[PDB]
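Listed next as structure tokens: two forms of one protein chain, kept apart as structure 1 and structure 2.
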Structure 1
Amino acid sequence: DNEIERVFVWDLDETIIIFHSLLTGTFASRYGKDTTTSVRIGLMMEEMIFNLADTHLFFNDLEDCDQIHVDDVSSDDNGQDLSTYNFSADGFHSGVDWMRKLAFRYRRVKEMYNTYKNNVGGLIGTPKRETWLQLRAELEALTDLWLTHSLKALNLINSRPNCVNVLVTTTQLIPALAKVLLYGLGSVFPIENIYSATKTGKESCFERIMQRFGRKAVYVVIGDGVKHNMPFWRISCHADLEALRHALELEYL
């Protein structure tokens, strides 16, 4: 109620965030869909994602310096008006003066996320929004609206004032933020609740979450595939999501 009574940890890899099943063509051999179209949308979607991260989120600057959380380098940020500040003409390339030149970028990344997480058309201006809307619709027709079905459970946890949902993924932070922004997961996934388990591992992020949210809350993990007293909700199947949704409506979860 006043605090987070329950906390949900999502591992949307192998389905949404990381969809390597598309590119390998195994997705169509598993589900009987067309094999070539599946790979086509995958390469097209990955193109728009990395275009959004390069053109807006300084991905080339932060590719090798990818953090685990967005608020990690807030210690070296001297808050200043940087509207005139142009990031291209600074000392940054490839630290008290250069680690000072890293946080304001991530504060800018947080600003772009928290401003266009529900107005992606104002960030990637149409026709780019019209291109990705057609792009998502074509992929959702193959997966039988998996992301749309998965968003029903995400918004359900989000609306609960005692519940919050966090994201732990193996991709780098900036690409994962680009995927969450584009896919429409901006509202249901607060930017401070996204963890890129790339440098450390999945377990160092779990303890990172429990350290922040405390042990007085019930931790549940909903994901796919593979301690710390956190029950796991393997949700690979499509009708599985219906049951998880079904359990949330009746407050069993």
Structure 2
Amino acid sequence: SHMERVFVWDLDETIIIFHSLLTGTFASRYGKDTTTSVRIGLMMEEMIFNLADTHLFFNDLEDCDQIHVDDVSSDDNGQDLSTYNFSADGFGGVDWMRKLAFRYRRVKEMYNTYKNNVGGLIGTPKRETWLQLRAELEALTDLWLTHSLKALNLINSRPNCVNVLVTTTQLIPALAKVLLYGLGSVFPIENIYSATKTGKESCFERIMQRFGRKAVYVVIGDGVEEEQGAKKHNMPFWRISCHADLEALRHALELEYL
């Protein structure tokens, strides 16, 4: 009988601060040193793609511009990839499709086993560089991530609330970000969508398709694409422009019992 909410999030400058570190927009808007901002921004970028290329077959999967990890699960035979050798498996369109599905599934496996042990995934000494980077970033952003997480965790813990992510970032890179920003635990991987290809209103429609019409969808984000797509589908939109907006959201999450 319970009413159910579906929270559709944007990533960059909504849940995390990353791109705006490279443009000087954040440092400028909140009076931070621009030079440190760019330095921090480029280090994360390096870590994001290094993780992507090194563990998430990014050099292989990049040109596939896939939307959801399970999009090619038709061609997955379900065998154990523990001992499977991806490097020397020659990576066509049907025998090739199985090899693609294998990588996306291994990515999914990596994500689930390391979502709460990212330092274990990237290993040392990168782990320490990461923890220090995350600390530098958290300070310069005045605890932005701390704010977004409070809302994400309230949604997670709440029984009739769900967390969905729709980002224009490509899929593999988007997963690397999520992991490096400690969002693996709050976002079930089957809930991440890459709108790089289809566009956001497509993903939104698809998400409604998936959760039904009886659900109340809330589009959360800082950008126009997200907001415009919320209009097409007459989905309430919650804009995030500062820490205050993330607090307003957490507050609302805190008052309702479904």
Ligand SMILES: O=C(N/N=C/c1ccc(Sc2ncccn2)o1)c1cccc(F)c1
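Between two forms, the rigid core is defined as the largest C-alpha subset superposing within 1.5 Å. Sequence positions of structure 1, starting at 1, serve as the residue numbers.
Task: Pair member that is the form deposited with the named molecule bound - done: That would be structure 1, which is the form deposited with the named molecule bound.
Open item on the list: Keeping the rigid core superposed, can you check how far the CA atom of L173 moves between the two structures, in angstrom?
Closed with: Here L173 registers a C-alpha shift of 0.2 Å.
- [ ] Please state the CA displacement of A243 between the two structures in angstrom, with both forms fitted on the core.
- [x] Displacement of the C-alpha, rigid core superposed: 1.4 Å.
Task: Distance the CA of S83 travels between the two structures [rigid core superposed, Å] - done: Its C-alpha position differs by 2.4 Å.
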